[PDB]
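Participant: See work.txt below, with compact mmCIF, C-alpha atoms and all ligand atoms.
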```txt
# COMPACT_ATOMS: atom_id res chain seq x y z
CA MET A 1 196.97 126.45 46.11
CA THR A 2 194.98 124.57 43.50
CA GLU A 3 195.76 121.39 45.46
CA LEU A 4 194.50 122.80 48.84
CA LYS A 5 191.23 123.82 47.22
CA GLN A 6 190.82 120.48 45.49
CA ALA A 7 191.58 118.61 48.75
CA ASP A 8 188.92 120.68 50.46
CA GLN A 9 186.44 119.89 47.71
CA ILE A 10 187.13 116.21 48.00
CA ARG A 11 186.75 116.32 51.81
CA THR A 12 183.28 117.95 51.72
CA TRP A 13 182.12 115.48 49.04
CA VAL A 14 183.37 112.46 50.94
CA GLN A 15 181.81 113.75 54.13
CA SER A 16 178.52 114.35 52.30
CA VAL A 17 178.55 110.87 50.70
CA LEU A 18 179.19 109.05 53.98
CA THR A 19 176.79 111.14 56.05
CA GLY A 24 183.75 101.34 60.95
CA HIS A 25 184.00 103.36 57.72
CA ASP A 26 182.55 106.65 58.93
CA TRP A 27 183.80 110.11 58.10
CA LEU A 28 185.80 110.33 61.34
CA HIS A 29 187.84 107.18 60.42
CA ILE A 30 188.51 108.59 56.91
CA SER A 31 189.56 111.96 58.30
CA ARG A 32 191.97 110.38 60.77
CA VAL A 33 193.43 108.15 58.07
CA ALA A 34 193.92 111.12 55.69
CA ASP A 35 195.75 113.12 58.37
CA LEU A 36 197.89 110.13 59.28
CA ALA A 37 198.60 109.30 55.62
CA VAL A 38 199.76 112.87 54.93
CA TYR A 39 202.08 112.82 57.92
CA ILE A 40 203.64 109.52 56.81
CA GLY A 41 203.75 110.69 53.20
CA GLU A 42 205.65 113.83 54.24
CA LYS A 43 208.21 111.78 56.12
CA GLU A 44 208.43 109.27 53.27
CA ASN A 45 208.67 111.93 50.48
CA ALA A 46 205.71 110.52 48.68
CA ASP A 47 203.39 112.58 46.58
CA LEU A 48 201.23 114.34 49.20
CA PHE A 49 198.28 115.26 47.02
CA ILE A 50 197.94 111.68 45.71
CA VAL A 51 198.33 110.28 49.26
CA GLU A 52 195.61 112.58 50.67
CA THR A 53 193.16 112.13 47.80
CA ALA A 54 193.54 108.35 47.85
CA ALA A 55 193.18 108.34 51.61
CA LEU A 56 189.98 110.36 51.43
CA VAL A 57 188.19 108.23 48.77
CA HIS A 58 189.67 104.73 49.49
CA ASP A 59 186.56 103.54 51.31
CA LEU A 60 184.03 104.95 48.88
CA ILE A 61 184.23 101.81 46.72
CA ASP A 62 184.63 99.34 49.60
CA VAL A 63 182.32 96.33 49.61
CA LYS A 64 181.61 97.02 53.31
CA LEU A 65 179.64 100.23 52.66
CA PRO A 66 175.93 99.86 52.41
CA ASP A 67 174.48 100.06 48.98
CA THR A 68 172.81 103.47 49.46
CA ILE A 69 176.38 104.87 49.75
CA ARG A 70 178.99 102.67 48.01
CA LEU A 71 180.29 104.06 44.72
CA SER A 72 181.55 102.50 41.52
CA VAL A 73 185.05 103.12 40.39
CA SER A 74 183.82 105.13 37.41
CA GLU A 75 181.77 107.36 39.83
CA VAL A 76 184.85 108.16 41.93
CA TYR A 77 187.00 108.80 38.84
CA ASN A 78 184.42 111.11 37.17
CA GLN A 79 183.94 113.12 40.39
CA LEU A 80 187.71 113.59 40.75
CA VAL A 81 188.06 114.76 37.16
CA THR A 82 185.06 117.06 37.46
CA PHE A 83 186.66 118.53 40.56
CA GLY A 84 189.77 119.50 38.51
CA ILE A 85 192.20 116.66 39.21
CA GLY A 86 194.22 115.81 36.05
CA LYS A 87 193.48 112.43 34.42
CA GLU A 88 196.97 111.15 35.31
CA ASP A 89 196.54 111.83 39.03
CA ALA A 90 193.00 110.47 38.88
CA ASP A 91 194.33 107.28 37.22
CA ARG A 92 196.89 106.91 40.03
CA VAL A 93 194.29 107.38 42.71
CA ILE A 94 192.11 104.82 40.96
CA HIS A 95 195.08 102.38 40.80
CA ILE A 96 195.46 102.71 44.59
CA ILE A 97 191.85 102.23 45.75
CA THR A 98 191.15 99.30 43.39
CA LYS A 99 194.44 97.54 44.42
CA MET A 100 193.55 98.16 48.10
CA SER A 101 190.18 96.48 47.72
CA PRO A 112 202.23 95.56 44.07
CA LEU A 113 200.48 98.61 45.52
CA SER A 114 202.05 101.92 44.49
CA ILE A 115 204.29 103.93 46.86
CA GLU A 116 201.36 106.23 47.73
CA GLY A 117 199.05 103.19 48.01
CA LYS A 118 201.44 101.67 50.59
CA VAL A 119 201.33 104.89 52.56
CA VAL A 120 197.54 104.95 52.58
CA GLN A 121 197.37 101.23 53.45
CA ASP A 122 199.77 101.84 56.34
CA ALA A 123 197.72 104.77 57.73
CA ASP A 124 194.59 102.63 57.40
CA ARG A 125 196.17 99.80 59.39
CA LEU A 126 197.46 102.24 62.00
CA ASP A 127 193.84 103.36 62.67
CA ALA A 128 193.03 99.63 63.30
CA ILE A 129 195.59 99.37 66.16
CA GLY A 130 196.37 101.22 69.41
CA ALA A 131 193.60 102.66 71.60
CA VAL A 132 191.68 103.70 68.52
CA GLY A 133 191.91 100.22 67.02
CA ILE A 134 190.76 98.68 70.31
CA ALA A 135 187.72 100.98 70.32
CA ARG A 136 186.92 100.21 66.68
CA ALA A 137 187.24 96.44 67.29
CA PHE A 138 184.81 96.40 70.21
CA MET A 139 182.34 98.73 68.36
CA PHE A 140 182.39 96.28 65.40
CA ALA A 141 181.76 93.34 67.76
CA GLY A 142 178.89 95.29 69.35
CA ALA A 143 177.53 96.15 65.89
CA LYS A 144 177.62 92.56 64.64
CA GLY A 145 176.46 90.96 67.87
CA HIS A 146 179.77 89.17 68.65
CA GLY A 147 181.03 88.37 72.13
CA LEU A 148 183.80 90.24 73.91
CA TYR A 149 185.68 86.93 74.11
CA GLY A 150 184.88 83.23 74.16
CA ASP A 151 184.71 82.15 70.53
CA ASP A 152 186.51 82.58 67.19
CA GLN A 153 184.05 85.36 66.06
CA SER A 154 184.78 87.40 69.22
CA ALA A 155 186.47 90.73 69.59
CA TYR A 156 189.29 89.15 71.64
CA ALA A 157 189.86 86.47 68.96
CA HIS A 158 190.20 89.22 66.36
CA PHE A 159 193.11 90.77 68.29
CA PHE A 160 194.96 87.47 67.88
CA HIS A 161 193.91 86.59 64.34
CA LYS A 162 194.56 90.05 62.94
CA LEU A 163 195.15 93.17 64.96
CA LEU A 164 198.37 91.98 66.73
CA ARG A 165 199.91 90.99 63.38
CA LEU A 166 199.36 94.40 61.67
CA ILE A 167 202.69 95.86 62.84
CA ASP A 168 204.45 93.12 60.76
CA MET A 169 202.49 94.30 57.69
CA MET A 170 203.59 97.94 57.63
CA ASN A 171 205.18 99.05 54.36
CA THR A 172 207.03 102.21 55.41
CA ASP A 173 209.69 102.87 58.03
CA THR A 174 207.67 105.85 59.28
CA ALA A 175 204.50 103.77 59.74
CA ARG A 176 206.53 100.95 61.33
CA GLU A 177 207.92 103.50 63.87
CA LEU A 178 204.43 104.88 64.68
CA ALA A 179 202.98 101.38 64.93
CA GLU A 180 205.40 100.41 67.70
CA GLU A 181 203.82 102.55 70.41
CA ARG A 182 200.28 101.60 69.28
CA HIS A 183 201.06 97.87 69.14
CA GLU A 184 202.71 97.91 72.55
CA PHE A 185 199.70 99.72 73.91
CA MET A 186 197.42 96.92 72.56
CA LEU A 187 199.72 94.48 74.33
CA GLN A 188 199.27 96.44 77.63
CA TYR A 189 195.47 96.36 76.93
CA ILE A 190 195.46 92.57 76.49
CA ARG A 191 197.53 92.23 79.64
CA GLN A 192 194.98 94.26 81.59
CA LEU A 193 192.13 92.16 80.16
CA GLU A 194 193.99 89.01 81.21
CA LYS A 195 194.02 90.46 84.78
CA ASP A 196 190.47 91.81 84.80
CA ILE A 197 189.25 88.41 83.44
CA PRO A 198 191.12 85.33 84.68
CA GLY A 199 190.86 82.45 82.18
CA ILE A 200 189.83 84.75 79.32
CA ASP A 201 192.11 82.83 76.92
CA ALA A 202 190.61 79.34 77.62
CA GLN B 6 172.27 74.14 93.50
CA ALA B 7 174.25 77.17 92.31
CA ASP B 8 174.90 74.92 89.27
CA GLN B 9 171.13 74.65 88.53
CA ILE B 10 170.88 78.49 88.76
CA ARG B 11 173.85 78.91 86.34
CA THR B 12 172.07 76.73 83.72
CA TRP B 13 168.74 78.56 83.92
CA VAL B 14 170.17 82.12 83.88
CA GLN B 15 172.26 81.15 80.82
CA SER B 16 168.84 80.60 79.20
CA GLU B 21 171.86 89.73 75.28
CA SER B 22 173.15 92.43 72.93
CA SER B 23 172.72 95.24 75.51
CA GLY B 24 175.57 94.88 78.08
CA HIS B 25 173.64 92.35 80.19
CA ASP B 26 175.12 89.24 78.56
CA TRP B 27 175.99 85.91 80.18
CA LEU B 28 179.74 86.48 80.15
CA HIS B 29 179.21 89.66 82.13
CA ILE B 30 176.93 87.88 84.62
CA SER B 31 179.40 84.99 85.00
CA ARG B 32 182.24 87.52 85.45
CA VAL B 33 180.34 89.48 88.03
CA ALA B 34 179.27 86.33 90.01
CA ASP B 35 182.92 85.22 90.24
CA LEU B 36 183.96 88.75 91.26
CA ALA B 37 181.07 89.00 93.74
CA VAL B 38 182.03 85.65 95.27
CA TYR B 39 185.68 86.81 95.60
CA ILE B 40 184.74 90.14 97.17
CA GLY B 41 182.14 88.49 99.41
CA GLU B 42 184.77 86.16 100.89
CA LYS B 43 187.01 89.11 101.80
CA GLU B 44 184.03 91.11 103.18
CA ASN B 45 182.54 88.21 105.15
CA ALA B 46 179.29 88.02 103.18
CA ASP B 47 177.07 84.99 102.61
CA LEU B 48 178.77 83.56 99.49
CA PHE B 49 175.80 81.44 98.35
CA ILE B 50 173.52 84.57 98.52
CA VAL B 51 176.06 86.80 96.69
CA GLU B 52 176.59 84.28 93.87
CA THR B 53 172.89 83.67 93.46
CA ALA B 54 171.99 87.43 93.50
CA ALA B 55 174.85 88.17 91.13
CA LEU B 56 173.60 85.39 88.88
CA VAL B 57 169.95 86.62 88.70
CA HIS B 58 169.95 90.43 89.24
CA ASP B 59 169.81 91.35 85.52
CA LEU B 60 166.75 89.11 84.91
CA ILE B 61 164.33 91.73 86.27
CA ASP B 62 166.21 94.87 85.19
CA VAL B 63 164.08 97.51 83.40
CA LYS B 64 166.98 98.04 80.93
CA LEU B 65 166.51 94.43 79.73
CA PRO B 66 163.79 94.16 77.04
CA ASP B 67 160.21 92.91 77.53
CA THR B 68 160.75 89.65 75.59
CA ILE B 69 163.35 88.53 78.19
CA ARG B 70 162.69 90.61 81.35
CA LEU B 71 161.23 88.45 84.14
CA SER B 72 159.15 89.59 87.14
CA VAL B 73 160.29 89.51 90.77
CA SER B 74 157.83 86.69 91.66
CA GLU B 75 159.06 84.57 88.70
CA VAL B 76 162.63 84.91 90.08
CA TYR B 77 161.51 84.13 93.64
CA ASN B 78 159.37 81.13 92.65
CA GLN B 79 162.01 79.69 90.33
CA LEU B 80 164.57 79.92 93.18
CA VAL B 81 162.24 78.17 95.65
CA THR B 82 161.69 75.47 92.96
CA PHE B 83 165.44 74.74 92.65
CA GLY B 84 165.26 74.13 96.43
CA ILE B 85 166.41 77.35 98.10
CA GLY B 86 165.28 78.21 101.64
CA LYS B 87 162.78 81.03 102.17
CA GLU B 88 165.48 82.79 104.22
CA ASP B 89 167.91 82.93 101.31
CA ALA B 90 165.15 83.50 98.71
CA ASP B 91 163.94 86.66 100.52
CA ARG B 92 167.51 87.94 100.96
CA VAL B 93 168.35 87.46 97.26
CA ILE B 94 165.06 89.02 96.14
CA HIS B 95 165.81 91.88 98.54
CA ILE B 96 169.18 92.46 96.87
CA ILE B 97 168.04 92.33 93.24
CA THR B 98 165.00 94.60 93.71
CA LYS B 99 167.17 97.25 95.46
CA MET B 100 169.60 97.24 92.50
CA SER B 101 167.11 97.24 89.63
CA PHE B 102 164.49 99.97 90.00
CA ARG B 103 164.26 103.23 88.02
CA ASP B 104 166.64 105.97 89.25
CA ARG B 105 168.42 103.49 91.61
CA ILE B 115 176.48 93.60 103.20
CA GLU B 116 175.68 91.07 100.43
CA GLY B 117 174.06 93.71 98.18
CA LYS B 118 177.07 96.04 98.53
CA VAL B 119 179.31 93.24 97.28
CA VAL B 120 177.05 92.40 94.33
CA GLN B 121 176.81 96.15 93.43
CA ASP B 122 180.59 96.56 93.66
CA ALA B 123 181.21 93.51 91.47
CA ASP B 124 178.82 94.99 88.91
CA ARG B 125 180.41 98.44 88.96
CA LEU B 126 183.94 97.02 88.71
CA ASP B 127 183.03 95.18 85.53
CA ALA B 128 182.05 98.53 84.06
CA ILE B 129 185.63 99.90 84.52
CA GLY B 130 189.21 99.00 83.51
CA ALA B 131 190.06 97.17 80.27
CA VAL B 132 186.83 95.13 80.55
CA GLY B 133 184.71 98.28 81.04
CA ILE B 134 186.35 100.00 78.09
CA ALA B 135 185.42 97.00 75.99
CA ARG B 136 181.78 96.97 77.07
CA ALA B 137 181.42 100.71 76.59
CA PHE B 138 182.57 100.48 73.02
CA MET B 139 180.48 97.29 72.42
CA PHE B 140 177.51 99.22 73.79
CA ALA B 141 178.21 102.21 71.52
CA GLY B 142 178.51 99.88 68.55
CA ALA B 143 175.32 97.97 69.41
CA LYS B 144 173.22 101.14 69.71
CA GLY B 145 174.85 102.81 66.70
CA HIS B 146 176.61 105.56 68.69
CA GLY B 147 179.83 107.35 67.82
CA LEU B 148 183.28 106.52 69.16
CA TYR B 149 183.51 110.25 69.99
CA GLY B 150 181.89 113.52 68.90
CA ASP B 151 178.46 113.39 70.58
CA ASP B 152 177.36 113.64 74.18
CA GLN B 153 175.90 110.22 73.24
CA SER B 154 179.31 108.78 72.29
CA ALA B 155 181.38 106.11 74.11
CA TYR B 156 184.13 108.62 74.85
CA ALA B 157 181.61 110.94 76.54
CA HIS B 158 180.44 108.07 78.79
CA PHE B 159 183.89 107.87 80.39
CA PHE B 160 183.54 111.38 81.85
CA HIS B 161 179.79 111.23 82.45
CA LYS B 162 180.00 107.90 84.32
CA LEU B 163 182.90 105.45 84.13
CA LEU B 164 185.69 107.64 85.61
CA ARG B 165 183.55 108.42 88.70
CA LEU B 166 182.59 104.81 89.48
CA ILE B 167 185.64 104.34 91.71
CA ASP B 168 184.16 106.95 94.13
CA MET B 169 180.87 105.00 94.34
CA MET B 170 182.41 101.76 95.69
CA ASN B 171 180.95 100.37 98.95
CA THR B 172 183.62 97.96 100.27
CA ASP B 173 187.38 98.25 100.91
CA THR B 174 188.07 95.27 98.70
CA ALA B 175 186.19 96.79 95.74
CA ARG B 176 187.85 100.20 96.32
CA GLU B 177 191.31 98.53 96.07
CA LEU B 178 190.45 96.52 92.95
CA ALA B 179 188.99 99.69 91.41
CA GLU B 180 192.29 101.61 91.70
CA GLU B 181 194.30 99.73 89.04
CA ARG B 182 191.24 99.44 86.76
CA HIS B 183 190.64 103.19 87.05
CA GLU B 184 194.35 104.08 86.55
CA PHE B 185 194.33 101.89 83.42
CA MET B 186 191.26 103.70 82.01
CA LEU B 187 193.26 106.93 82.34
CA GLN B 188 196.19 105.38 80.44
CA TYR B 189 193.68 104.28 77.79
CA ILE B 190 192.13 107.72 77.50
CA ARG B 191 195.62 109.36 77.20
CA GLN B 192 196.57 106.99 74.35
CA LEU B 193 193.24 107.70 72.66
CA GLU B 194 194.03 111.45 72.78
CA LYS B 195 197.38 110.79 71.09
CA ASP B 196 195.66 108.47 68.51
CA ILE B 197 192.90 111.01 67.81
CA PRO B 198 194.22 114.61 68.02
CA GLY B 199 191.31 116.93 68.85
CA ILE B 200 189.04 114.15 70.12
CA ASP B 201 187.76 116.70 72.71
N1 LIG C 1 185.95 90.19 63.38
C1 LIG C 1 186.14 91.42 63.90
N2 LIG C 1 186.02 91.69 65.23
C2 LIG C 1 186.23 92.91 65.74
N3 LIG C 1 186.57 93.98 64.98
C3 LIG C 1 186.71 93.85 63.64
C4 LIG C 1 186.51 92.54 63.02
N4 LIG C 1 186.73 92.68 61.70
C5 LIG C 1 187.04 93.99 61.49
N5 LIG C 1 187.02 94.67 62.65
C6 LIG C 1 187.33 96.10 62.84
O1 LIG C 1 186.25 96.95 62.42
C7 LIG C 1 186.79 98.05 61.73
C8 LIG C 1 186.22 97.99 60.32
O2 LIG C 1 186.86 96.90 59.64
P1 LIG C 1 186.25 96.23 58.29
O3 LIG C 1 185.17 97.14 57.77
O4 LIG C 1 185.87 94.78 58.51
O5 LIG C 1 187.52 96.37 57.30
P2 LIG C 1 188.08 97.80 56.81
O6 LIG C 1 187.71 98.81 57.87
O7 LIG C 1 189.56 97.54 56.68
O8 LIG C 1 187.43 98.10 55.46
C9 LIG C 1 188.33 97.92 61.80
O9 LIG C 1 188.88 98.64 62.91
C10 LIG C 1 188.58 96.46 62.05
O10 LIG C 1 189.74 96.21 62.83
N1 LIG C 2 176.26 106.06 77.01
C1 LIG C 2 177.02 104.94 77.06
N2 LIG C 2 178.11 104.79 76.27
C2 LIG C 2 178.88 103.69 76.30
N3 LIG C 2 178.63 102.66 77.13
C3 LIG C 2 177.57 102.68 77.98
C4 LIG C 2 176.68 103.85 78.00
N4 LIG C 2 175.72 103.61 78.91
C5 LIG C 2 175.97 102.38 79.44
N5 LIG C 2 177.07 101.84 78.87
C6 LIG C 2 177.68 100.52 79.19
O1 LIG C 2 176.79 99.39 79.05
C7 LIG C 2 176.98 98.51 80.16
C8 LIG C 2 175.66 98.40 80.91
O2 LIG C 2 175.31 99.68 81.45
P1 LIG C 2 173.82 100.12 81.95
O3 LIG C 2 172.79 99.14 81.39
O4 LIG C 2 173.65 101.61 81.72
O5 LIG C 2 173.95 100.01 83.55
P2 LIG C 2 173.66 98.67 84.39
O6 LIG C 2 173.68 97.56 83.35
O7 LIG C 2 174.81 98.58 85.36
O8 LIG C 2 172.30 98.94 85.00
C9 LIG C 2 178.13 99.10 80.98
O9 LIG C 2 179.39 98.50 80.58
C10 LIG C 2 178.13 100.57 80.64
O10 LIG C 2 179.40 101.25 80.77
NI NI C 3 189.61 102.30 55.90
NI NI C 4 174.83 93.97 85.43
```
Kindly present the structure from the file in structure tokens form.
Facilitator:
Amino acid sequence: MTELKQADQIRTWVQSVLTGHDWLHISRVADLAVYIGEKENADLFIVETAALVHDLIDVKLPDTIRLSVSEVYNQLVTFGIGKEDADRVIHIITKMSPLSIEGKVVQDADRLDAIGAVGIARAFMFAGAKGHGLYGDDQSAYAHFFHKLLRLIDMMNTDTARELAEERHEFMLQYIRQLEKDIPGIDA
Amino acid sequence: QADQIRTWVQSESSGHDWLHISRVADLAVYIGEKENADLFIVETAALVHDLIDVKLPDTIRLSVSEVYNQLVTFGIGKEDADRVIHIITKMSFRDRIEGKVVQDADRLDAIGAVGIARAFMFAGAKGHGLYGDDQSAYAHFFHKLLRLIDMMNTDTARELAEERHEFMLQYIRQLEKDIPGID
């Protein structure tokens, strides 16, 4: 398939460019976005392509790596993606940083990778990276569960992503419960 | 007196932070009560053991004598100063009843939900992967964390370790659902 080859092209590029926004996160989010897209009857090629390049423009990437919108667009077109599809992908990644149907799917997959056991891991790695405490202040990893991560299930766009988020969100709840036991007074 | 030690020791992005020390002193003190240890010794040794650790950097790392002489200055007896110094030197060298308790407290804080957290904080602080290397957080579970339960000295610690260990397995199972092909 033209599309399979183009997906593969995009994957190698994205991996090359990038090598909590590492290739492994992007690859997980692409796989998850395609699964949700399939269930949701969204356009699979747009979902996967947007999922793969969504972080390339993100203000969080260091400046040796981060791309301009025109750089992503030109690379897509060079790789054989029609201008119309390329426009749609561009619409999604710029909105992400009403989102389109496929944009909502990608956003959902992205938020799913921020919850469950994976999201817990990513949260504590971030805290470790930025020199924040495990708990004890408003910049802490534990605070971030309450400010953000535990609310993500309410922000899911699709039924499919809402269904997947349930088990992950409940698992974060079990994780918080275990921290409350391992560490009496953690909340105060 | 234990209050004057808690102020000084408070005065680290490596896994040897204050919250960990404070956690482990409270745990040590709890375990020590069950295992009939000298609670003042346990709390003090728990509070100061990391100060001389070779894993702690040069800019912070204190010498044994500095720890001894600071303790004596806060007004500790020679008896208890020697016992504490005994404990913290036995724990802290390269290729490492009151010591057992302090060691158990320390190990326990490396497992369960809390240990998961510190492992990932560690991997983040040193720039290591979530998974994929032998140097990754996920690898450390199998290399170290999942076998800590079988290195516990006291009955009390062994019992506490069970639920923490079982939870780490639940965590790892969820992670394998979240990340297909993580192995
Ligand atoms: N204040 C915080 N404390 C702990 N983890 C965080 C914090 N902010 C973001 N994270 C986590 O770090 C990862 C990277 O997030 P970030 O780069 O800030 O936004 P995004 O990944 O959505 O572009 C995500 O899993 C996110 O949940
Ligand atoms: N390779 C690793 N990956 C993830 N976490 C680690 C690794 N090595 C140590 N840690 C974590 O950092 C903390 C401190 O461990 P370490 O300094 O090795 O032993 P100790 O402090 O008990 O002498 C612990 O929570 C431990 O699990
Ligand atoms: Ni992302
Ligand atoms: Ni320690």
Participant: Using all atoms listed in the file, I'd like every residue of chain A that has an atom within 6 Å of chain B; please write them out as a ChimeraX atom specification.
Facilitator: /A:131-132,135,138-139,142-143,192-193
Participant: Keeping only C-alpha atoms, write those residues as a PDB file, keeping the file's coordinate frame.
Facilitator:
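Full text of result-v1.pdb as output:
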```pdb
ATOM      1  CA  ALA A 131     193.600 102.660  71.600  1.00  0.00           C
ATOM      2  CA  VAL A 132     191.680 103.700  68.520  1.00  0.00           C
ATOM      3  CA  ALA A 135     187.720 100.980  70.320  1.00  0.00           C
ATOM      4  CA  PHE A 138     184.810  96.400  70.210  1.00  0.00           C
ATOM      5  CA  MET A 139     182.340  98.730  68.360  1.00  0.00           C
ATOM      6  CA  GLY A 142     178.890  95.290  69.350  1.00  0.00           C
ATOM      7  CA  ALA A 143     177.530  96.150  65.890  1.00  0.00           C
ATOM      8  CA  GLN A 192     194.980  94.260  81.590  1.00  0.00           C
ATOM      9  CA  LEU A 193     192.130  92.160  80.160  1.00  0.00           C
TER      10      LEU A 193
END
```
Participant: Which one is closest to ligand NI 4 (chain C): B:89, B:67, B:123, B:46? Count only C-alpha atoms and all ligand atoms.
Facilitator: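 Of the candidates, the smallest distance to ligand NI 4 (chain C) is held by B:123.
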Participant: Applying 9 Å and only C-alpha atoms, which residues near residue A:97 remain after dropping the ones on its own chain fewer than 2 positions away? List them as a PyMOL selection string.
Facilitator: chain A and resi 54-55+57-62+73+92-95+99-101+117
Participant: Can you pull out the residues contacting residue A:115? Cut-off 10 Å, using all atoms listed in the file, and skip same-chain residues under 4 positions away; I want them as a list in words.
Facilitator: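 Counting all atoms listed in the file, the residues come to residues 41, 44, 45, 46, 47, 51, 96, 119, 120, 121, 171 and 172 of chain A.
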Participant: Rounded to one decimal, what separation in Å do you get between atom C9 of ligand LIG 1 (chain C) and atom CA of residue A:98?
Facilitator: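 Atom CA of residue A:98 lies 18.7 Å from atom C9 of ligand LIG 1 (chain C).
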Participant: Taking all atoms listed in the file into account, which residues are within 8 Å of ligand NI 3 (chain C), as a PyMOL selection string?
Facilitator: chain A and resi 24-25+29-30+33+58-59+124-125
Participant: Which residue, A:137, A:190, A:126, A:63, has the smallest gap to residue A:40 when you use all atoms listed in the file?
Facilitator: A:126
Participant: Which residues sit within 6 Å of ligand NI 4 (chain C), counting only C-alpha atoms and all ligand atoms, listed as number ranges by chain?
Facilitator: B: 25, 59, 124
Participant: Counting only C-alpha atoms, figure out which residue out of A:53, A:155, A:129, A:123 gets nearest to residue A:181.
Facilitator: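 Distance minimum relative to residue A:181 lands on A:129.
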Participant: Give me, please, the distance in Å between atom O7 of ligand LIG 2 (chain C) and atom CA of residue B:158, quoted to one decimal.
Facilitator: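 It comes out at 12.8 Å.
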Participant: Kindly indicate which residue among A:18, A:156, A:148, A:198 lies nearest to ligand LIG 2 (chain C), using all atoms listed in the file for the distances.
Facilitator: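 Comparing A:18, A:156, A:148, A:198 against ligand LIG 2 (chain C), the winner is A:148.
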Participant: Find the axis-aligned box for ligand LIG 1 (chain C), covering all its listed atoms and adding 8 Å on each side, and write its centre and edge lengths in Å to one decimal as AutoDock Vina command-line options.
Facilitator:
```
--center_x 187.5 --center_y 94.5 --center_z 60.6 --size_x 20.6 --size_y 24.6 --size_z 26.3
```
